[PDB]
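A closer look at the structure
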Amino acid sequence: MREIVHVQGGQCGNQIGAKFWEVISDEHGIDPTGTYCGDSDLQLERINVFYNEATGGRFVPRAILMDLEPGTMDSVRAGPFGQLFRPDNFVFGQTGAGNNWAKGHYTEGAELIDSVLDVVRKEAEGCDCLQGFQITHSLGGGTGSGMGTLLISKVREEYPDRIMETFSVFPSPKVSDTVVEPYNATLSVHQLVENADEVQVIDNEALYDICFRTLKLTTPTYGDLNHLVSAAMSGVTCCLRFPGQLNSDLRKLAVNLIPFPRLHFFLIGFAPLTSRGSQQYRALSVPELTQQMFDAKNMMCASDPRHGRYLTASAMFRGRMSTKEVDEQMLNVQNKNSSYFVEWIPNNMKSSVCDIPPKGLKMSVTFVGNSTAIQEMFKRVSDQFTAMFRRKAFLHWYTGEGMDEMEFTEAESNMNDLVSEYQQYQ
Amino acid sequence: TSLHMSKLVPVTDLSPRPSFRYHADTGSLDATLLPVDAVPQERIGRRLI
Ligand SMILES: Nc1nc2c(ncn2[C@@H]2O[C@H](COP(=O)(O)OP(=O)(O)O)[C@@H](O)[C@H]2O)c(=O)[nH]1
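**Details of the site of the ligand**
Residue and element names in this part refer to chain A.
- Around the ligand, the structure places 14 residues, and the nearest of them are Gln11, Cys12, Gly142, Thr143 and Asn204.
- Between an oxygen atom of the ligand and a side-chain N or O atom of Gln15, the distance comes to 3.2 Å.
- Notes on the ligand: free accessible area 590 Å², of which the protein chains cover 84%.
- Mapped onto the shell around the ligand, the elements with two or more residues apiece are helix 1 (10–28), helix 6 (143–146) and helix 10 (222–236).
- Considering every element that reaches the shell around the ligand, the biggest residue donor is helix 1, with 4 residues.
- Across the shell around the ligand, the residue classes break down as 3 nonpolar, 10 polar and 1 charged.

Okay, here's the thing in structure tokens:
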């Protein structure tokens, strides 16, 4: 019935589409050549949520590749699980947005958008119905942040009532790649705030923090960081394909985590993540899942939630597991950490149960938490935005192809008042 | 006679003469099911390190 349409833009998007669809193929038993193995009913009884039967018995992804340079699509095609994707869903740009938001958006975001939205329309309307879109990209890049946001604008205008899920990785304050760093962040934010339903915040230095401090890796590559995000976004959507005792889809998450439609920014995490040093030494119990999860060393955002206040929460569990230890732990957090939760909403979190746990783990949990700790992220992006916008630095790359000064002034104007309205619920 | 003994068909074989050298039949790269009729092609990509 319902299908989630994955769109992935930028070279972070094309890599995250290869790694998210190989953990989906891992649950579903999808052979890399396209077939199925595993001999179980529960995978294929909802296979239409992600996969389309292609009259050969093979299951193709509902994934929309997106980039402005063909090198990063050659790498994901040559890699394992790369022959799953339909080549027509690949769109090829030739010039490329070189870390530049403006030329990513307007004048090399226009000649490709008329063909990639032709792909999206061909794929979505071919299905009988929709459940929503899920666009994963980067907001520090050129093409994933420039025209990845412009697709978000046009499919929202065309299809307004469908959900707008978007996993977006942000600038890292500590490690500074893409040296024109806050311009790409801020220009994408003041569009995405009023023109999305659910934004999930990923930050690469938080993912480095969970590799080093809880997973005990020595050399974490980009493959491990990509694999960690794929844990979370598979667990957010685990009930769309597997049954449960208390069922929740993406619209379930939107209606509960959002008190006011303007604020929809969340911290995301997955449990459990430990090394082989402590793999055998720990009980996989429901209190152990939630005590490890409610801390700063498991969030995928570089904002400490102890500095703010959890406005709304949602713990979405997985596996064969008792329902009393769900709600008793989700109320013990309120009775213990009462000051870390807002007072004018009682029972701030939502439970959900997916009966099928992930591969090799008997029980897991994902978490979507709307807090005011997102605000300290936006001050730490803005104080570098205005530090180099006052002194007119690097703006000849931004005014020579279509913008003016007013669009830049509206950029911090539309996110500093996001900061101010995060203050009023603190 | 150059015709047959009983009924009128020529008997002396035939004398053919082609016009040109007759090459380039334009072997089409599409079959009756029209995929492309693929042969191993070239990658136009970066070195796959
Ligand atoms: N989470 C994640 N971030 C990445 C990955 N690769 C690159 N990045 C980040 O994305 C930034 C580079 O942006 P990029 O995607 O190359 O620009 P674009 O191709 O024009 O969209 C760097 O600062 C990296 O920190 C990845 O595989 N995963």
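**What about the side chain of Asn89 of chain A?**
Residues and elements named next belong to chain A.
- Here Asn89 lies in the loop between helix 3 (71–78) and helix 4 (101–105).
- Accessibility expressed as a relative area gives 5% for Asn89, which makes it buried.
- Discounting residues that sit within four places of it in the chain, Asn89 has contacts with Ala63, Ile64, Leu65 and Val119.

**Here's the deal with the pattern of salt bridges**
All names here are of chain A.
- Overall, the coordinates contain 13 salt bridges over all chains when judged by the stated rule.
- Here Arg162 makes a salt bridge to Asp161, at a shortest N to O gap of 3.9 Å.
- The exposure class assigned to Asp161 is exposed, which follows from its relative accessible area of 53%.
- Through salt bridges with shared partners, one network takes in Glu27, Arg241 and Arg318.

**Thoughts on helix 1 of chain A**
Residue and element names in this part refer to chain A.
- Compared with an ideal rise of 1.5 Å per residue, which puts 19 residues at 27 Å, helix 1 spans 26 Å between its outermost C-alpha atoms and is within 8% of the ideal.
- Here helix 1 lies mainly inside the structure; 14 of its 19 residues are buried.
- Looking one or two places after helix 1, you find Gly29, whose phi comes out positive at around 65°.

**Details of helix 13 (residues 324–336) of chain A**
Residues and elements named next belong to chain A.
- Helix length check: helix 13, at 13 residues, gives a terminal C-alpha distance of 18 Å against a target of 18 Å (1.5 Å per residue), a fit within 8%.
- The set of residues buried in helix 13 consists of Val326, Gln329, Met330, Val333 and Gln334. Projected down its long axis, helix 13 shows its buried positions confined to an angular sector of 145°, all on one face. Residues of helix 13 that are exposed and point more than 90 degrees away from the buried face comprise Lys324, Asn335 and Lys336.
- The inward-facing, buried residues of helix 13 contact helix 12 (286–293), strand 10 (315–319) and strand 11 (351–354).

**Points about the UniProt feature "binding site: GDP 2" (unreviewed entry) in chain A**
Residue and element names in this part refer to chain A.
- As recorded in UniProt, the feature "binding site: GDP 2" (unreviewed entry) lies at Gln11, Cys12, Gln15, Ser138, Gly142, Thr143, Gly144, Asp177, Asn204, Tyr222 and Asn226.
- Here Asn204 falls in the partly exposed class, since its relative accessible area comes to 31%.
- Along the polypeptide, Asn226 turns up in helix 10.
- What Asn226 contacts, discounting residues up to four positions off in sequence, is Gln15, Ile16 and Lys19.
- Within the structure, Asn226 has its side chain in polar contact with the backbone oxygen of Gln15 (distance 3.0 Å).

**What about the nonpolar core?**
Residues and elements named next belong to chain A.
- Counting residues in each nonpolar core, the largest one holds 66 residues, and the members touching the most others are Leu151, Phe265, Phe317 and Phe378.
- The residues touching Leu151, leaving out its near neighbours within four places in the chain, are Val7, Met66, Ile113, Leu117 and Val120.
- Of all hydrophobic cores here, the second largest spans 46 residues; its members include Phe20, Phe50, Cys211 and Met233.

**Here's the deal with the side chain of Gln134 of chain A**
Residues and elements named next belong to chain A.
- Here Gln134 lies in strand 5 (residues 132–138).
- Given the relative accessible area of 4%, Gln134 is considered buried.
- For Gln134, the side chain forms a polar contact with the side chain of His6, separated by 3.4 Å.
- Once residues lying within four places of it in the same chain are set aside, the contact partners of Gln134 are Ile4, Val5, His6, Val7, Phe20, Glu165 and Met233.

The rules behind these values
- Each chain carries its own residue count, running from 1 in the order of its written sequence; this scheme can depart from the entry numbering, and residues that have no coordinates do not appear.
- Both sets of labels track the order of writing: A upward for chains, 1 upward for ligands.
- The displayed chains are a subset of a larger assembly; all values refer to this subset.
- With hydrogens and water set aside, each side-chain value is computed from the structure's full complement of heavy atoms.
- Residues with missing side-chain atoms are left out of burial classes, side-chain pairs and their counts.
- Note on definitions. A residue lies near a molecule or strand when any single heavy atom of the residue is within 4 Å of it.
- Each polar contact in these results corresponds to two N or O atoms within 3.5 Å; when the atoms are within protein, one needs to be able to donate a hydrogen and the other to accept it, and residues that are neighboring in sequence are counted only if both atoms are side-chain atoms.
- Per-residue and other accessible areas were derived by the Shrake-Rupley procedure at a 1.4 Å probe size, with only the shown protein chains allowed to occlude residues.
- Segments assigned H or I by DSSP are reported as helices when at least four residues long, segments assigned E as strands when at least two residues long, and all are numbered from the N terminus.
- Under the grouping applied here, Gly and all other residues not named as nonpolar or charged are polar, the nonpolar ones being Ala, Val, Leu, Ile, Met, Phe, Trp, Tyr, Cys and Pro and the charged ones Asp, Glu, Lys and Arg.
- Relative accessible area decides the class of each residue, using a 1.4 Å probe on protein chains only: under 20% of the type maximum gives buried, over 50% gives exposed, and in between gives partly exposed.
- Note on contacts: a residue pair is in contact if any heavy atoms of the two residues lie within 4.5 Å.
- For salt bridges, the criterion is a side-chain nitrogen of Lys or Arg within 4 Å of an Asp or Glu carboxyl oxygen.
- The span you would expect from a helix comes to 1.5 Å times its residue count less one.
- Taken from the helix axis, the directions to the C-beta atoms give the arc we talk about.
- UniProt positions are given in the numbering used here, feature names are shortened, and annotations may be inferred rather than shown by experiment.
- Among buried residues, the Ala, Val, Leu, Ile, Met, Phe, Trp, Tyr and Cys ones that are joined through side-chain atoms within 4.5 Å form a nonpolar core.

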